[PDB]
Every structure is written in structure tokens, then in C-alpha cells.
């Protein structure tokens, strides 16, 4: 499929940022879209081979794009504003001389523009063991994972049982909540459940891990604060079966 890099990016206002897109081999048309949260994609620029076909909606004071050899393309924002926080989607289509062909999308780049990179925190993760009352009443056992104190909302949570990721029996909140809702720098918390049979939990050989992938600052970001640099990283918590 179409490739895009990076998947997540944090930048400070007035800094610059570049996004990369590799279209489907041989696709003559390439599109860049901005998608604001709760909206649909809106075209930024479209290429036919290495030529700009539509750039009317490009915010030209700060946005620009190139596709110099008619294949891969770079979009850059210089300088970035807070309002540029969005998903940046790349797509390609064959570009044949007919009608509107099917557009094939990349996975997107999530851009978060912040006032202060010192507001970036990784999550702390805790796993809570099933209730004895639940085990007795339902013959089922629910584990809960809490990821807390992270900013910005750049997390992927997964569950691992005996070292293998599992999907059955799991539900993760689609949205985080704000730990301090009357604050626009507020850190976030997120919950997930994993439910197994009571006998599976009761087996002391079974291992349960909640994993949270956080996407934070990059290697090349400056950091002079005392606490650890809030880089992209995995934070996990674990629990063992009990009888």
C-alpha cells in the first residue's frame, strides 16, 4: 500500500515539519489531505506526475509540497501553527484518462503542535487483578489496565497473554479522558479490559501484560529538564494467574 512517515510527530509552534509519502508503484496521481479531528479529509495539493495540478487550497504562506521525480512526495509546514494539529493523509490513484479512479490511502501522519514541549509526558501503566466476587458470581475474570498521566494523546494499548498479543475478550476506550478537564494542557487517562474464564485466570502459569506504546519526542528534540526525556517508548504492567 501507500506508505507514510512518520506515523506520529510532535512539534512546537513556529517549528518546521516534513511528511513523506510513497504512492502505489506506477500511480500517476498523488494527493495530500488534511483531516481535522471530527471532520473529513480536505485536499491540500494534488500532483499529476511531477506537476502540481491543484494547489488552490494549499495554505501557501506556510505549506508547500514537492514530488520532484513523479513518485514519492514531501509535504512541509514552515512555520507550524497550533491549528495545524491534524492527520495528514497521502493517497494515490492510477491517473488514467477516464473518470474518477479509486483513491488508495496511506496510513496517515498524526501531527500534534504544542505550545511547550515540556508538557509532554509518557504514561504510567497499572494492571488490576480480577475480583474474587466476579470469579464466584460469573465464572469469568476481568482484568483492568489503566494508562494515566500521558500527554499528548499518542497511545496504542494492547494486551499480551503468555507473550502473545490477544484481541478476543478485550475492550479499550475509544477516547481518553482528561485528568483535569478545566485545563487545555491536561494529561490523559485511558482504560482497557481483558476478560478470561475463571479457570484461565486461576492457572498460576498464565502471564498477563498490558502494553502501552507512547509516541513522544524524537531523538533530535532538545531536552534540558530534570526528568527523563519523554521519548517514544513502551510502558507495561503485568499480572500472574493466582489460585
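Residue numbers count along the first chain shown, from 1.
Between 168-176 and 82-90, it is 168-176 that carries the larger average Cα temperature factor according to the deposited entry. For the pair 98-106 and 149-157, the record assigns the higher mean C-alpha temperature factor to 98-106.
Within the group 220, 15, 22, 233, the record's highest C-alpha temperature factor is found at 220. Taking only the listed residues 196, 212, 58, 30, the entry reports the highest CA temperature factor at 58. Ranked within its chain, residue 38 lands in the middle third, by CA B factor from the PDB record. Placement of the Cα temperature factor of residue 113 within the chain: lowest third of the modelled residues, per the deposited record.
Annotation for residue 65: C-alpha temperature factor in the middle third relative to the rest of the modelled chain, per the entry. When the modelled residues of the chain are ordered by their C-alpha B factor, residue 133 lands in the highest third. Residue-level temperature factors show residue 45 in the middle third of its chain, judged at the C-alpha atom.
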